[PDB]
Protein chains: 2
Amino acid sequence: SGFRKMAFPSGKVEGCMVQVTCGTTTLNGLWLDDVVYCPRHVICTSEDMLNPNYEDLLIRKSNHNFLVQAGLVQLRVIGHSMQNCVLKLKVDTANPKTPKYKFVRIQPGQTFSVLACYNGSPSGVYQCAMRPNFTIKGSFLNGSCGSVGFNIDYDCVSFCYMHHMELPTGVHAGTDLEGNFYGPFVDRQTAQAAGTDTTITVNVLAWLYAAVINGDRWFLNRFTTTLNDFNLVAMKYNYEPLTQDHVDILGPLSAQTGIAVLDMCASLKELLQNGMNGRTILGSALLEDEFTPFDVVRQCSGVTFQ
Amino acid sequence: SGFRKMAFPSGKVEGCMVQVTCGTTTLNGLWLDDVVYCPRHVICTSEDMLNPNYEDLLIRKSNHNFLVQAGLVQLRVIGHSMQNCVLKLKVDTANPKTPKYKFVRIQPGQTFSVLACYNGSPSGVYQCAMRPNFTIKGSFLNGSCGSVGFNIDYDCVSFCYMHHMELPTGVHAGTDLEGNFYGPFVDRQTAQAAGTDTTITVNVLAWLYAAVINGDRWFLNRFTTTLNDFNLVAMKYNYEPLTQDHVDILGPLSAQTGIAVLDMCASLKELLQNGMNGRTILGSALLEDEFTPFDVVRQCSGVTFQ
Ligand SMILES: [Cl-]
Ligand SMILES: [Cl-]
């Protein structure tokens with residue numbers, strides 16, 4: 001019993017974290033096989049970040065200007081290139097702790113675990129979601145750039161995020177491991193504003209299912225609804241529209257609990273219209289939207305990883 | 001910026017997790033040096049749990065009845081003993097991944113990270129607190145027994161919890177690594193009820209400090225209070241009494257932000273008396289009490305671990 005915001009075990013990623021220093025800037029890199037991935041703004045000074053020309057700044061950089069430290073051992077850089085907003089530093093030694101891994105670009109509403117690091121050393125692990133506005137609400141201080149987000153399927157790490165920037169509003173933006181930003185953000189100190197942070201409706205429903213599985217059921221009502229009618233309420237509260245694809249994904253949880261997806265939509269409707277009247281659901285006083293339907297199934301069944 | 005419920009990196013503990021099977025019961029054990037620690041109810045059947053006599057049930061067990069599997073390799077058991085509510089299984093091979101470690105018994109209100117495991121394999125990591133009633137609000141399914149809670153200071157893992165039981169109310173109870181239960185609970189399927197779950201006042205204040213550090217400041221008011229007057233409000237809302245020791249622990253956060261501890265107590269008072277009027281603090285609609293003052297300092301400064 002019990003349902004918790006739970007990250008993947010981080011050991012497999014911990015073994016990939018290194019420190020990258022260029023000039024006077026130090027951040028984290030990701031060492032997989034004989035390549036080290038890091039944000040390209042490692043080459044920038046604080047003054048460069050206002051209007052950097054990365055191609056021009058890179059011309060002044062040679063292999064030996066990139067200092068790569070794996071804990072206590074120095075790695076030899078034999079090649080470097082820029083791919084979108086990341087640098088790939090080729091080193092002469094394959095990481096002996098490289099796990100099976102893939103690079104994946106996730107969609108808004110998908111969740112992942114972040115290993116926060118400073119100077120190439122792990123600091124902590126927590127769970128995040130890619131928001132509909134393509135930000136994440138993380139915990140990142142100066143020097144955390146290069147920290148990565150990941151998912152694990154049994155024995156394989158799917159890397160999906162690398163941290164790059166913090167918006168003036170306190171939220172965070174980054175790239176996939178090919179160096180492409182999520183959303184419209186750029187690696188410059190510029191007037192960059194996030195759009196509407198809508199709520200991930202399908203994740204809230206999955207979390208309501210998780211609550212029923214664990215004894216929290218006061219919110220179940222006698223009503224049902226339709227997609228179109230529920231979506232009229234969703235729009236009013238800045239909830240993502242619910243699609244038939246979302247309903248299908250919720251099918252397994254609907255099957256286990258015996259509560260049709262649309263009946264649970266009607267319970268969500270009343271929670272949005274009437275509030276929670278000071279009550280709680282799985283220890284929260286608001287509706288949680290950073291659990292996917294796959295997250296709920298995993299935690300409610302005890303799935304493990306190699 | 002940003003403040004998140006963050007666990008310690010789990011890699012060092014992942015390397016200590018093994019599977020222990022006795023008869024038809026399988027749970028997790030902790031392999032440190034040449035000893036494997038696991039709950040003593042591994043020797044019990046579901047029928048034994050009603051009224052077990054552990055000394056009598058253990059007489060029928062020999063070294064070869066305890067099957068210990070480290071991932072894929074079988075470990076040879078050369079000795080076993082019972083210490084309070086844990087078994088110590090002596091194996092013929094020291095765990096080569098043993099970190100520096102200590103066994104610590106924590107106090108109510110202290111936090112720690114849990115590595116949930118099934119069949120000796122890590123499933124996920126999340127943060128917990130020892131409640132004032134000596135339970136924890138975890139996420140544990142059948143087979144998770146033997147999962148451990150821990151803290152890390154730089155290079156040293158302090159093991160503080162091993163999971164044993166789930167109360168009928170859905171909360172959880174366990175032992176330190178010497179086999180002594182936290183609180184009055186016992187490893188029997190018995191009418192066991194948790195006492196009042198009071199709120200850890202000092203942790204709520206630390207979390208209010210964390211919020212101010214990150215821009216959430218709407219709750220700061222023009223009032224102050226005294227310990228005795230605040231504690232009259234704390235008692236009414238089932239908050240732990242605040243002591244001068246707690247005030248001293250908050251000193252560093254009071255120094256950094258410039259908000260005297262008692263001024264922040266007056267803000268907490270108004271939040272308890274008037275509620276939050278539908279607002280949020282660090283993304284929560286209730287007052288979080290599972291961050292210690294040391295947790296806040298750590299996350300707000302970027303402390304790392306070897
Ligand atoms: Cl999640
Ligand atoms: Cl914490």
# chains A, B, ... in the order shown; residues from 1 in each chain; ligands from 1
$ calpha_fit_and_write --fixed "chain A" --moving "chain B" --output "tab-separated table (two decimals) with C-alpha atoms, in the first residue's frame"
chain	number	residue	atom	x	y	z
B	1	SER	CA	0.00	0.00	0.00
B	2	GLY	CA	0.91	3.68	-0.25
B	3	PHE	CA	1.71	5.76	-3.32
B	4	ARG	CA	4.76	8.01	-3.52
B	5	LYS	CA	6.54	10.29	-5.99
B	6	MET	CA	9.30	7.81	-6.82
B	7	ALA	CA	12.36	8.15	-9.05
B	8	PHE	CA	14.20	5.36	-10.84
B	9	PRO	CA	17.31	3.94	-9.14
B	10	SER	CA	20.13	6.27	-10.10
B	11	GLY	CA	23.19	4.04	-9.83
B	12	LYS	CA	23.42	3.33	-13.54
B	13	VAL	CA	23.47	7.06	-14.32
B	14	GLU	CA	25.72	7.98	-11.39
B	15	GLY	CA	28.44	5.93	-13.09
B	16	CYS	CA	28.20	8.16	-16.17
B	17	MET	CA	28.57	11.56	-14.54
B	18	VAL	CA	31.77	13.57	-15.03
B	19	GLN	CA	32.96	17.15	-14.59
B	20	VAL	CA	33.69	19.32	-17.64
B	21	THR	CA	35.68	22.56	-17.33
B	22	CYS	CA	36.37	25.01	-20.14
B	23	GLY	CA	38.25	28.14	-19.17
B	24	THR	CA	36.54	29.25	-15.98
B	25	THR	CA	33.16	27.52	-16.52
B	26	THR	CA	32.49	24.14	-14.90
B	27	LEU	CA	29.40	21.99	-15.36
B	28	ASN	CA	28.48	18.32	-15.70
B	29	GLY	CA	28.83	15.94	-18.61
B	30	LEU	CA	27.47	12.51	-19.51
B	31	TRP	CA	30.13	9.85	-20.33
B	32	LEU	CA	28.77	7.05	-22.51
B	33	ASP	CA	31.17	4.73	-24.39
B	34	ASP	CA	34.02	7.04	-25.52
B	35	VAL	CA	31.95	10.25	-25.80
B	36	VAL	CA	31.16	12.90	-23.18
B	37	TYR	CA	28.00	14.97	-23.70
B	38	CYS	CA	27.67	18.44	-22.15
B	39	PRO	CA	25.89	21.76	-22.82
B	40	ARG	CA	27.67	23.89	-25.41
B	41	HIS	CA	27.52	26.99	-23.17
B	42	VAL	CA	30.39	25.49	-21.18
B	43	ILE	CA	32.52	27.53	-23.61
B	44	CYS	CA	30.80	30.76	-22.62
B	45	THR	CA	31.61	33.30	-19.96
B	46	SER	CA	28.79	35.00	-18.07
B	47	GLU	CA	29.19	37.93	-20.47
B	48	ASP	CA	28.98	35.70	-23.55
B	49	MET	CA	25.55	34.38	-22.52
B	50	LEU	CA	23.87	37.68	-23.51
B	51	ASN	CA	24.51	37.24	-27.26
B	52	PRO	CA	26.78	34.26	-27.92
B	53	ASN	CA	27.90	33.16	-31.38
B	54	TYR	CA	28.71	29.58	-30.50
B	55	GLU	CA	30.41	28.72	-33.79
B	56	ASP	CA	32.74	31.71	-33.42
B	57	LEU	CA	33.46	31.04	-29.73
B	58	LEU	CA	34.24	27.38	-30.52
B	59	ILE	CA	36.96	28.26	-33.05
B	60	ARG	CA	39.20	29.28	-30.14
B	61	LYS	CA	38.76	25.88	-28.44
B	62	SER	CA	40.99	22.85	-28.91
B	63	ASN	CA	40.73	19.36	-27.45
B	64	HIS	CA	43.08	20.26	-24.59
B	65	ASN	CA	40.92	23.22	-23.53
B	66	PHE	CA	38.16	20.79	-22.41
B	67	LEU	CA	39.14	19.35	-19.03
B	68	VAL	CA	37.18	16.18	-18.28
B	69	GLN	CA	37.41	14.64	-14.81
B	70	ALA	CA	35.75	11.33	-13.92
B	71	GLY	CA	35.61	11.65	-10.16
B	72	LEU	CA	39.34	11.70	-9.54
B	73	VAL	CA	40.81	10.49	-12.87
B	74	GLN	CA	41.44	12.83	-15.80
B	75	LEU	CA	40.18	11.78	-19.23
B	76	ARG	CA	42.08	12.53	-22.45
B	77	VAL	CA	40.05	14.41	-25.07
B	78	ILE	CA	40.93	13.37	-28.63
B	79	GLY	CA	38.13	15.09	-30.52
B	80	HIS	CA	35.19	17.48	-30.16
B	81	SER	CA	32.19	18.59	-32.18
B	82	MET	CA	29.02	20.63	-31.76
B	83	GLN	CA	25.61	19.05	-32.39
B	84	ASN	CA	22.76	21.59	-32.04
B	85	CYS	CA	23.12	22.83	-28.43
B	86	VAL	CA	25.40	20.07	-27.05
B	87	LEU	CA	29.10	19.35	-27.36
B	88	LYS	CA	30.33	15.78	-27.94
B	89	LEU	CA	33.82	15.34	-26.48
B	90	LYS	CA	35.53	12.23	-27.78
B	91	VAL	CA	37.79	10.68	-25.13
B	92	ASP	CA	40.37	7.93	-25.52
B	93	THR	CA	38.74	5.59	-22.94
B	94	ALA	CA	35.34	3.95	-23.07
B	95	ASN	CA	33.38	4.39	-19.85
B	96	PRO	CA	33.62	0.89	-18.26
B	97	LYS	CA	30.33	1.58	-16.42
B	98	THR	CA	28.34	2.39	-19.56
B	99	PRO	CA	24.88	0.79	-19.28
B	100	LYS	CA	22.67	-0.24	-22.12
B	101	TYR	CA	21.09	3.04	-23.17
B	102	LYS	CA	19.10	4.94	-25.78
B	103	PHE	CA	18.46	8.59	-26.60
B	104	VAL	CA	14.75	9.41	-26.66
B	105	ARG	CA	12.84	12.65	-27.23
B	106	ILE	CA	9.79	12.58	-24.96
B	107	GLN	CA	6.44	14.28	-25.40
B	108	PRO	CA	4.72	16.76	-23.07
B	109	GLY	CA	3.14	14.98	-20.12
B	110	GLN	CA	5.79	12.25	-19.93
B	111	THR	CA	7.68	11.81	-16.67
B	112	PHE	CA	11.32	11.10	-15.95
B	113	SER	CA	13.86	11.07	-13.12
B	114	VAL	CA	16.53	13.79	-12.77
B	115	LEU	CA	19.93	13.19	-11.16
B	116	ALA	CA	20.99	16.62	-9.93
B	117	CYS	CA	24.77	16.97	-10.04
B	118	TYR	CA	27.41	19.62	-9.25
B	119	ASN	CA	31.04	19.31	-10.38
B	120	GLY	CA	30.26	15.88	-11.80
B	121	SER	CA	29.10	14.53	-8.44
B	122	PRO	CA	25.55	13.31	-7.74
B	123	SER	CA	23.57	15.44	-5.29
B	124	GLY	CA	20.10	13.87	-5.35
B	125	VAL	CA	17.34	12.32	-7.41
B	126	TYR	CA	13.75	13.39	-7.98
B	127	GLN	CA	10.90	12.90	-10.47
B	128	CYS	CA	9.85	15.44	-13.09
B	129	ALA	CA	7.40	15.82	-15.95
B	130	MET	CA	7.79	17.63	-19.25
B	131	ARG	CA	5.14	20.34	-18.90
B	132	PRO	CA	2.77	21.16	-21.80
B	133	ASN	CA	4.66	24.45	-22.19
B	134	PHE	CA	7.93	22.45	-22.55
B	135	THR	CA	9.44	23.55	-19.26
B	136	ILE	CA	10.15	21.39	-16.21
B	137	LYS	CA	9.78	22.37	-12.55
B	138	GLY	CA	13.09	21.14	-11.21
B	139	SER	CA	15.65	21.96	-8.52
B	140	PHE	CA	18.74	23.37	-10.21
B	141	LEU	CA	21.42	25.74	-8.91
B	142	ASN	CA	24.43	27.26	-10.69
B	143	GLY	CA	26.69	24.44	-11.81
B	144	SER	CA	23.89	21.90	-12.25
B	145	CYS	CA	23.87	22.27	-16.06
B	146	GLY	CA	24.61	18.97	-17.72
B	147	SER	CA	22.47	17.08	-15.23
B	148	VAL	CA	20.30	14.61	-17.13
B	149	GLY	CA	16.79	13.16	-16.99
B	150	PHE	CA	16.17	9.53	-17.76
B	151	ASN	CA	13.81	6.56	-17.67
B	152	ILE	CA	14.73	2.90	-17.18
B	153	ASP	CA	13.08	-0.16	-18.77
B	154	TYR	CA	14.51	-3.24	-17.02
B	155	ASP	CA	18.18	-2.95	-17.99
B	156	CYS	CA	18.14	-0.01	-20.45
B	157	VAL	CA	18.47	3.68	-19.62
B	158	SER	CA	16.54	6.01	-21.95
B	159	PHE	CA	18.12	9.46	-21.68
B	160	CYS	CA	15.62	12.16	-22.50
B	161	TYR	CA	16.77	15.47	-20.94
B	162	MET	CA	19.91	17.52	-20.30
B	163	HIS	CA	19.61	20.68	-18.20
B	164	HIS	CA	20.70	23.97	-19.77
B	165	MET	CA	18.86	27.06	-18.57
B	166	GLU	CA	16.72	28.60	-15.85
B	167	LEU	CA	14.02	31.07	-16.90
B	168	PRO	CA	13.55	34.32	-14.93
B	169	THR	CA	10.33	32.84	-13.56
B	170	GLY	CA	12.24	30.01	-11.84
B	171	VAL	CA	11.27	27.16	-14.19
B	172	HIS	CA	13.74	25.17	-16.25
B	173	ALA	CA	14.52	24.37	-19.88
B	174	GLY	CA	16.81	21.90	-21.56
B	175	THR	CA	17.53	19.65	-24.50
B	176	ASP	CA	17.31	16.04	-25.48
B	177	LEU	CA	20.64	14.22	-25.84
B	178	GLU	CA	20.86	15.30	-29.49
B	179	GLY	CA	21.09	18.92	-28.35
B	180	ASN	CA	17.62	20.06	-29.44
B	181	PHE	CA	15.75	22.18	-26.92
B	182	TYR	CA	12.34	21.12	-25.78
B	183	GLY	CA	9.94	23.87	-26.83
B	184	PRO	CA	11.04	27.24	-28.24
B	185	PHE	CA	13.81	28.05	-25.74
B	186	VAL	CA	17.40	28.95	-26.67
B	187	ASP	CA	20.70	28.92	-24.76
B	188	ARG	CA	20.94	32.68	-24.41
B	189	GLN	CA	20.26	35.08	-21.52
B	190	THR	CA	17.22	36.61	-23.19
B	191	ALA	CA	13.65	37.64	-22.50
B	192	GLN	CA	12.22	34.10	-22.59
B	193	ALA	CA	8.74	33.61	-21.15
B	194	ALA	CA	6.92	30.31	-20.64
B	195	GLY	CA	3.44	29.81	-22.03
B	196	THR	CA	0.42	28.57	-20.10
B	197	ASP	CA	1.25	25.68	-17.77
B	198	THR	CA	-1.76	23.52	-18.45
B	199	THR	CA	-2.53	20.50	-16.29
B	200	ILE	CA	-1.87	17.05	-17.76
B	201	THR	CA	-5.39	15.68	-17.57
B	202	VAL	CA	-4.57	12.03	-18.32
B	203	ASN	CA	-2.00	11.96	-15.52
B	204	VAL	CA	-4.49	13.36	-12.99
B	205	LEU	CA	-6.94	10.56	-13.89
B	206	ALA	CA	-4.23	7.92	-13.56
B	207	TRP	CA	-3.43	9.35	-10.12
B	208	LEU	CA	-7.12	9.20	-9.15
B	209	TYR	CA	-7.04	5.53	-10.09
B	210	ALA	CA	-3.94	5.10	-7.91
B	211	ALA	CA	-5.82	6.69	-5.02
B	212	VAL	CA	-8.76	4.29	-5.36
B	213	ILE	CA	-6.35	1.34	-5.41
B	214	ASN	CA	-5.03	2.56	-2.03
B	215	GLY	CA	-8.25	3.29	-0.18
B	216	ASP	CA	-8.78	7.00	-0.96
B	217	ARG	CA	-12.28	6.92	-2.46
B	218	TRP	CA	-14.30	9.80	-0.97
B	219	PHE	CA	-14.18	11.58	-4.38
B	220	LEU	CA	-16.08	8.85	-6.25
B	221	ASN	CA	-19.54	10.15	-7.17
B	222	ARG	CA	-22.74	8.91	-8.82
B	223	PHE	CA	-22.22	10.72	-12.13
B	224	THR	CA	-20.69	10.07	-15.52
B	225	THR	CA	-19.91	12.34	-18.48
B	226	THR	CA	-18.79	12.41	-22.12
B	227	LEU	CA	-15.47	13.50	-23.57
B	228	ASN	CA	-16.94	16.64	-25.14
B	229	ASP	CA	-18.77	17.66	-21.98
B	230	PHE	CA	-15.79	17.00	-19.72
B	231	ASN	CA	-13.49	18.91	-22.07
B	232	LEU	CA	-15.74	21.98	-21.68
B	233	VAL	CA	-14.82	21.89	-17.99
B	234	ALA	CA	-11.17	21.04	-18.71
B	235	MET	CA	-10.73	24.11	-20.92
B	236	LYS	CA	-12.22	26.39	-18.26
B	237	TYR	CA	-9.60	25.21	-15.75
B	238	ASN	CA	-6.67	25.11	-18.22
B	239	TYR	CA	-6.60	21.30	-18.35
B	240	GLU	CA	-5.27	19.53	-21.41
B	241	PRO	CA	-8.07	18.21	-23.65
B	242	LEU	CA	-8.79	14.52	-23.09
B	243	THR	CA	-8.69	12.40	-26.25
B	244	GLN	CA	-9.81	8.89	-27.09
B	245	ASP	CA	-6.11	7.96	-27.13
B	246	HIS	CA	-5.90	8.99	-23.46
B	247	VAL	CA	-8.99	6.93	-22.64
B	248	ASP	CA	-7.42	3.85	-24.25
B	249	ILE	CA	-4.22	4.29	-22.26
B	250	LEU	CA	-6.28	4.34	-19.05
B	251	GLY	CA	-8.04	1.08	-19.99
B	252	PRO	CA	-5.88	-1.24	-17.88
B	253	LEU	CA	-6.45	0.88	-14.76
B	254	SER	CA	-10.15	1.05	-15.59
B	255	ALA	CA	-10.14	-2.74	-15.87
B	256	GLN	CA	-8.36	-3.34	-12.57
B	257	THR	CA	-10.59	-1.05	-10.51
B	258	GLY	CA	-13.88	-1.48	-12.37
B	259	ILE	CA	-14.41	2.28	-12.71
B	260	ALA	CA	-15.06	3.30	-16.29
B	261	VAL	CA	-12.80	6.09	-17.51
B	262	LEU	CA	-15.73	8.43	-18.09
B	263	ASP	CA	-17.11	7.84	-14.58
B	264	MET	CA	-13.71	8.94	-13.24
B	265	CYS	CA	-13.84	11.96	-15.54
B	266	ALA	CA	-17.11	12.89	-13.82
B	267	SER	CA	-15.40	12.67	-10.43
B	268	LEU	CA	-12.58	14.90	-11.69
B	269	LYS	CA	-15.19	17.35	-13.01
B	270	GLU	CA	-16.78	17.72	-9.56
B	271	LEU	CA	-13.33	18.12	-7.96
B	272	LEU	CA	-12.55	20.94	-10.39
B	273	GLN	CA	-15.92	22.66	-9.91
B	274	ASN	CA	-16.29	22.23	-6.14
B	275	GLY	CA	-12.70	21.96	-4.96
B	276	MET	CA	-11.64	19.46	-2.32
B	277	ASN	CA	-13.32	21.17	0.67
B	278	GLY	CA	-10.14	20.86	2.72
B	279	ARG	CA	-9.79	17.11	2.18
B	280	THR	CA	-6.76	15.25	0.80
B	281	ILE	CA	-6.03	12.60	-1.84
B	282	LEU	CA	-2.94	10.43	-1.32
B	283	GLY	CA	-1.56	13.03	1.04
B	284	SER	CA	-2.05	15.96	-1.36
B	285	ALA	CA	-4.40	18.94	-1.19
B	286	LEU	CA	-4.29	19.51	-4.96
B	287	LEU	CA	-4.62	17.26	-8.01
B	288	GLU	CA	-1.29	15.70	-8.97
B	289	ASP	CA	-0.44	15.51	-12.67
B	290	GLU	CA	3.15	14.18	-12.69
B	291	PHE	CA	2.27	10.47	-12.58
B	292	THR	CA	1.69	8.82	-15.96
B	293	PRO	CA	-0.67	5.84	-16.36
B	294	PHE	CA	2.45	3.71	-16.86
B	295	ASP	CA	3.95	5.13	-13.66
B	296	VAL	CA	0.83	4.13	-11.70
B	297	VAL	CA	0.79	0.56	-13.04
B	298	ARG	CA	4.51	0.19	-12.28
B	299	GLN	CA	4.35	1.37	-8.68
B	300	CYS	CA	1.10	-0.47	-7.95
B	301	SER	CA	2.53	-3.82	-9.13
B	302	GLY	CA	6.16	-3.84	-7.97
B	303	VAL	CA	8.05	-3.73	-11.27
B	304	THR	CA	11.83	-3.96	-10.91
B	305	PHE	CA	14.91	-3.21	-13.03
B	306	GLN	CA	18.03	-5.21	-13.82
$ select_by_dssp --residues "region 55-171 of chain B" --states "helix (DSSP H, G or I)" --output "list in words"
residues 55, 56, 57, 58, 59, 63, 64 and 65 of chain B
$ write_last_selection --atoms "N, CA, C and O atoms" --output "tab-separated table (two decimals), in the first residue's frame"
chain	number	residue	atom	x	y	z
B	55	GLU	N	12.02	-17.91	18.02
B	55	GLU	CA	13.08	-18.82	18.48
B	55	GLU	C	12.75	-20.27	18.12
B	55	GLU	O	13.63	-21.01	17.68
B	56	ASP	N	11.50	-20.67	18.30
B	56	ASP	CA	11.12	-22.05	18.01
B	56	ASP	C	11.13	-22.34	16.51
B	56	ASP	O	11.61	-23.39	16.07
B	57	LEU	N	10.62	-21.39	15.70
B	57	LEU	CA	10.65	-21.55	14.25
B	57	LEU	C	12.08	-21.59	13.70
B	57	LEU	O	12.35	-22.26	12.71
B	58	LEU	N	13.01	-20.87	14.34
B	58	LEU	CA	14.38	-20.84	13.85
B	58	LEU	C	15.12	-22.15	14.10
B	58	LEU	O	16.07	-22.45	13.37
B	59	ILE	N	14.71	-22.94	15.09
B	59	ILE	CA	15.42	-24.18	15.39
B	59	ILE	C	15.43	-25.10	14.18
B	59	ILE	O	16.39	-25.86	13.97
B	63	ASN	N	21.89	-23.27	7.91
B	63	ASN	CA	22.50	-22.36	6.95
B	63	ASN	C	21.96	-22.60	5.53
B	63	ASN	O	21.62	-21.66	4.82
B	64	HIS	N	21.89	-23.87	5.11
B	64	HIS	CA	21.50	-24.15	3.73
B	64	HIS	C	20.03	-23.90	3.44
B	64	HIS	O	19.64	-23.94	2.27
B	65	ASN	N	19.21	-23.62	4.46
B	65	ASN	CA	17.81	-23.29	4.21
B	65	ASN	C	17.64	-21.83	3.78
B	65	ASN	O	16.57	-21.45	3.28
$ select_by_dssp --residues "region 35-183 of chain A" --states "strand (DSSP E)" --output "ChimeraX atom specification"
/A:35-39,66-70,73-75,77-83,86-91,100-103,111-118,121-129,148-153,156-166,172-175
